[PDB]
């Protein structure tokens, strides 16, 4: 098990936003610094916070841009020149490409168990892949699709599927750089009808 590396704010940060990262404390570390990976090379980044309301080291990265998007790890210097790292965290920056369009082939309100797929298009920008995000959620959108027609299925829906959804740009060359959110699309599952 590797030291955890959570993100207090969403891992999805708008163009010039700012995010707060937290690493797992390691009693034997003389120094702990947030590192960002770039071409198999660890680079110092972000800023350390002060001791209060929490123990595990917290950092903060502001003025988000392409350069700050990507994989992150925590570097624990457990000696003059001996280190160990936390698990990996990914941060994506949004607002680098025009917004795509999200829609559905059904009715936005539906009985549980029903099936529905959301489609995310882009009649201009040849996005390599697409990612669907559920607004409320505190994390990183993992539900993606490479299909050009862009199909996001949700199999048998349950009351938990309800909520507002948005879709993003996304390019293979530059994976951690997404477009501006697409139009939002609300769904509501209810067994009452």
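Positions refer to the first chain, counted from 1.
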> Taking the recorded C-alpha temperature factors, which stretch has the higher mean, 174 to 182 or 20 to 28?
Replying inline: 20 to 28
> Out of 160 to 168 and 41 to 49, which one has CA B-factors that are higher on average in the deposited record?
Replying inline: 41 to 49
> Per the coordinate record, which of the options 70, 141, 136, 155 holds the highest CA temperature factor?
Replying inline: 155
> Split the chain's modelled residues into thirds by Cα B-factor; is residue 91 in the lowest, middle or highest one?
Replying inline: lowest
> Taking the entry's C-alpha B-factors for this chain, is residue 128 in the lowest, middle or highest third?
Replying inline: middle
>> Among the modelled residues of this chain, does the Cα B factor of residue 188 put it in the lowest, middle or highest third?
In response: lowest
>> Taking only the Cα B-factors deposited for this chain, tell me whether residue 83 sits in the lowest, middle or highest third.
In response: middle
> Comparing residue 55 with the other modelled residues of its chain, is its CA B-factor in the lowest, middle or highest third?
Replying inline: highest
